[PDB]
Amino acid sequence: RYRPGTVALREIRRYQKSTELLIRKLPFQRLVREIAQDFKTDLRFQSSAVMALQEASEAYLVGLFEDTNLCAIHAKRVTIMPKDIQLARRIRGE
Amino acid sequence: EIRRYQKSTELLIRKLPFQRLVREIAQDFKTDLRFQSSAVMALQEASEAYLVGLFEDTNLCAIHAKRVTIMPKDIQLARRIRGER
Amino acid sequence: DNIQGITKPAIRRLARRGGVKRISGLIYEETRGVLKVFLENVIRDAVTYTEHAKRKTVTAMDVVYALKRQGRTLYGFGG
Amino acid sequence: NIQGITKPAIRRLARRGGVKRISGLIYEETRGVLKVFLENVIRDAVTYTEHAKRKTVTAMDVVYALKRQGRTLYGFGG
Amino acid sequence: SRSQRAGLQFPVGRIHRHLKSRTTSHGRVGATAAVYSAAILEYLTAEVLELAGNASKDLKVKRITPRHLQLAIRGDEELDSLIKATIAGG
Amino acid sequence: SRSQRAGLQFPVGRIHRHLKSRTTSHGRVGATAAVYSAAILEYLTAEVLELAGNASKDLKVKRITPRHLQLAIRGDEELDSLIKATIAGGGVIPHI
Amino acid sequence: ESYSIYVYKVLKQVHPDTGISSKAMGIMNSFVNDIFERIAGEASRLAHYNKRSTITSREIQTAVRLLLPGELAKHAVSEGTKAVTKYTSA
Amino acid sequence: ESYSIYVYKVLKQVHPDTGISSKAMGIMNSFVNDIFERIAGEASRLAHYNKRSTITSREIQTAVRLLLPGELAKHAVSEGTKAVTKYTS
DNA sequence: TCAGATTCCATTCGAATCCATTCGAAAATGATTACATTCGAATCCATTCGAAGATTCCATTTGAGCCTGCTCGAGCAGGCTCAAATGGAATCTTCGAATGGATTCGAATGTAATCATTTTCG
DNA sequence: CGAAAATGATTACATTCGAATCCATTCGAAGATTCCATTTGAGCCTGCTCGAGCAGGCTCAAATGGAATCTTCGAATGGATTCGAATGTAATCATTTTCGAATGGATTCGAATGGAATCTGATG
């Protein structure tokens, strides 16, 4: 066995060392098409459009999690909670 | 006193010290500079607005940590999330 | 229910790349909500761009222009 | 000249922001952040002044500098 | 005039000239772009002025001041999103 | 050519033509505005590429990839301030 | 030149009993100029993206859709379309 | 049209033994286009502020000083001034 | 001290970069205008500088009470491990929809003179 | 409330420019078939968060000095702003040539696999 926090740091190093995408592509494409159904019916997407959307969204989420970790450390914790997400998004004017 | 200064529209800083500080800061970019009074008034309005908004964010940060007193760490967190630090 | 295809492991990986050591149990629904809002904004702008050009296909340049409009410029897909 | 911005003035600005209590080390931090902001804006104002071959800083230069900074202001000719 | 033909108070010829003086290269401007722009500007002006006047009347006064404008803008979510400027004197 | 007179690698005539294409109303563009702009673009390109090449040499790799561009940009304060865009395939800076 | 004449006309239309000061009038002029510059720039970009040369009411409509928040863009679009139709019919 | 030729010339000037991929080339193209569009817009606005029609190297210098941070602006101004002086000689 | 994880040294190869050829596209050369910028004067505003004074903000000390930080135990929620189920990727195959380029061609914008307002300043 | 220098509005072309039809090609969508890697519960345990009671710190308020901001007055001057004239130079035709973009082809540098040696972590 490993103590709680060992594998966590291992994966932190692993995913801060790589450059790949961390979300599966078929679910994201389905979600994108379902969202776009509300604006116009019978739309077609280039593969490059969905790839661009995935890159942008992953970058957004990683930056948000960095701000959330800062908020968590401010309150003397290591666990991130929804209140940290809300505070970070509020200071960002979102 | 919070209600007194939140319900007014005046300027909360004295004009002469702000004018002196503005001229001293500006002398690092060009010597023998002149100013309109409107330029200093605009600078004062903008700076007071900036400080009030930053203090609102700082109060949010103070409440996040279960306090009512604001500390420099709250200013630092607010400015880092804003993008200034 | 296509937002439940953004699974727990995927969000955990996205949090690990952000340096997050421990995670609550209520973080995943919050993340799904914020992702939905962001995607709605960007896709709305992109579809406006395709509609102006009298097209039926959403291209990568519409996405790039929309992102630049939101203030989230992206390099590597044109421009 | 940064000490001419007194602690009662900082207290008033904090009260207008909804702040109930203040630490004693907040005034120096406030002076530092105000100095940084003022330098950032005045740099651009003097750049605009020098392009026009003038020796006087006008309100339009400040308005343009703020608009560049992302801090648009209404009521000074722009 | 063109404004009376469209049924507006804002000027169509002046806005057309201003639009022409802002197109890149040798660009042209249609005569209905000016009508659309004048309609949009008049609509937004009327919305802001209506909210500000309601605020002023609720204060039992006869004029509009920058404080009334700030109260009107900050109390509306749409006008808050659109207008992020600092109002001098508000 | 004009670029050889100025002593540059970037094109002065093409940049002049683009500048003329991006002027509001009836706008003229001088011949030295293009020289200045080409010099600025070449300088910024050289700075970014030098940092990225140093990063590439650090990991014993001959070629430059978007990872090296990201590492170069995020490790420099001025480049980080100037370039706020997202780089497709750059990852993040490892920092626990 | 300014927009004081037309702002005053619109104010008399919406609040016939209410006046306006001069600082508020200056703030309103700044607001009108801000909105006009935003719309004009976005319309020019839209025309350039499509390799077109003329700015038309379609560019203005798309700019209004992209710049204004929802439920504020719908009424603006309606007012602009009505103005253009009334202008063309006469 | 692209900038690949001149970017590769600059690269072979700086690092004469390292190459570049095609994704990195696309990213470099996007970077150059982004900065060029920013400078052009700023110069046009500066020309309009003073009620002038021609865009000169003074507008470019002011735009560079307004858009670039810190020592980047100083070194860029030096390089552009040197280029213009060598050209006009 | 032992089981996992991490990094490094060998081998081959196939995905990718760098080099070599033809070419329409565009840049440089050479007069010619006009068009825009620059260089003197001449008012003429608008900033700095000085002086004064009651007042109205600011400064310092004390002290009490309120707030924050610290110790400690309890519990609870998150992490790690493992076995089973599922669904993504990937590699073709076919087709069915839709860009994008040409060729007319009909719609509409800008320029030229003369008013007839009209907005801006007393 | 009045006057008058800008400046839209009208009539009339000239000619770009933006639309309507057609033809091909990309390319995007819909089926199909696996291995297998990723996800999903479930259990067990541990360390992390949280609440309560103390203990120490330190903020707000009040009173008394005291000090420096704010408004008015007025010269003095300097520095923006307008008016002509005189150049400086950028844009426009007309050729001619060179260069950069697309197409092919020869290395060759990144990319699996396959062990091997440490490095690290955890319980004894």
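Each chain gets a letter, A, B and so on, in the order its sequence line appears, and its residues count up from 1. Because only heavy atoms are used, hydrogens play no part in the values below, and waters and symmetry mates are left out as well, while side chains stay in.
- To the nearest 0.5 angstrom, A/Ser57 atom OG is 8.0 Å from C/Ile6 atom CD1.
- When all heavy atoms of A/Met51 and C/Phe77 are compared, the pair lying nearest together is CB-CE2, 3.9 Å.
- Looking only at heavy-atom pairs under 4.5 Å with chain A, the residue among C/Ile23, C/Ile27, C/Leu74, C/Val42 that has the most is C/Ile27.
- Minimum interatomic distance between C/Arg16 and A/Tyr15 (heavy atoms only, all atoms of both residues): CB-CD1, 3.9 Å.
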Problem set entry | From CA spacing to verdict: side-chain hydrogen bond (donor to acceptor under 3.5 Å, both in side chains), C/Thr7, A/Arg24 | CA-CA 9 Å; C/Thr7 54; A/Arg24 302 283 144 253; over 6 Å; no
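- Residue A/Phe65 comes nearest to C/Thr31 through the heavy atom pair CZ-CG2, 3.9 Å, listed as atom of the first residue, atom of the second, then distance.
- Heavy atoms of A/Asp42 lying under 4.5 Å from chain C belong exclusively to its backbone.
- Only the backbone of C/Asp1 has a heavy atom closer than 4.5 Å to any heavy atom of chain A.
- Residue A/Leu26 does not touch chain C at all, counting heavy-atom pairs closer than 4.5 Å.
- Distance alone, capped at 3.5 Å, is enough to place a donor-acceptor pair between the C/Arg13 side chain and the A/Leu22 backbone.
- Both the backbone and the side chain of A/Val32 come within less than 4.5 Å of a heavy atom in chain C.
- The closest side-chain heavy-atom distance from C/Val58 to A/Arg44 is not below 4.5 Å.
- With a 4.5 angstrom heavy-atom cutoff, A/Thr68 does not touch chain C via any of its atoms.
- Chosen from C/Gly5, C/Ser24, C/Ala66, the residue pairing most often with chain A at heavy-atom distances under 4.5 Å is C/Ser24.
- Proximity of a side-chain donor or acceptor of C/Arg22 to a complementary backbone N or O of A/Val78 within less than 3.5 Å is not detected.
- C/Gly18 approaches A/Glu66 most closely through the heavy-atom pair O-CG, 3.7 Å.
- Contact between A/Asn69 and C/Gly19 at its shortest, heavy atoms only, is ND2-O, 3.2 Å.
- C/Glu30 contributes atom CD, which lies 10.0 Å from atom CG of A/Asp84 (distance to the nearest 0.5 angstrom).
- A/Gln37 contributes atom CD, which lies 9.0 Å from atom CG of C/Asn2 (distance to the nearest 0.5 angstrom).
- For a residue to count as touching a neighbouring chain, one of its non-hydrogen atoms must lie under 4.5 Å from one of that chain's; by this rule C/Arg17 touches chain A with backbone and side chain alike.
- Of the two parts of A/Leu61, only the side chain, counted from C-beta on, holds a non-hydrogen atom closer than 4.5 Å to a non-hydrogen atom of chain C.
- Using a cutoff of 4.0 Å between basic side-chain nitrogens and carboxylate oxygens, A/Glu34 and C/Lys36 are scored as salt-bridged.
- Of the listed residues (A/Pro27, A/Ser48, A/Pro82), the one with the most heavy-atom contacts under 4.5 Å to chain C is A/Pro82.
- Of the two parts of A/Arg89, only the side chain, counted from C-beta on, holds a non-hydrogen atom closer than 4.5 Å to a non-hydrogen atom of chain C.
- Residues meeting the side chain to side chain donor-acceptor pair (under 3.5 Å) test with C/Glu40, sequence neighbours left out: none.
- When heavy atoms are compared at a cutoff of 4.5 Å, C/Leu67 approaches chain A solely by way of its side chain, counted from C-beta outward.
- Under the 4.5 Å side-chain criterion, counting only non-hydrogen atoms from C-beta, A/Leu53 is in contact with C/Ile43.
- Across A/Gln46 and C/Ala60, no two heavy atoms sit closer than the pair OE1-N, 3.6 Å.
- Contact annotation for C/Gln4: neither backbone nor side-chain heavy atoms come within less than 4.5 Å of a heavy atom of chain A.
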For this session: Kindly determine whether C/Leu39 and A/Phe28 satisfy side chain to side chain contact (heavy atoms under 4.5 Å, CB included), including the steps that lead there.
Result: CA-CA 11 Å; C/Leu39 271 189; A/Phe28 193 91; 4.1 Å; yes
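- Atom CZ of A/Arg14 sits in a crowded spot, with more than 12 heavy atoms from other residues, nucleotides or ligands closer than 6.0 Å.
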For this session: Apply side chain to side chain contact (heavy atoms under 4.5 Å, CB included) to A/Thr79 and C/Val20, showing your working.
Result: CA-CA 8 Å; A/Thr79 311; C/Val20 174; over 6 Å; no
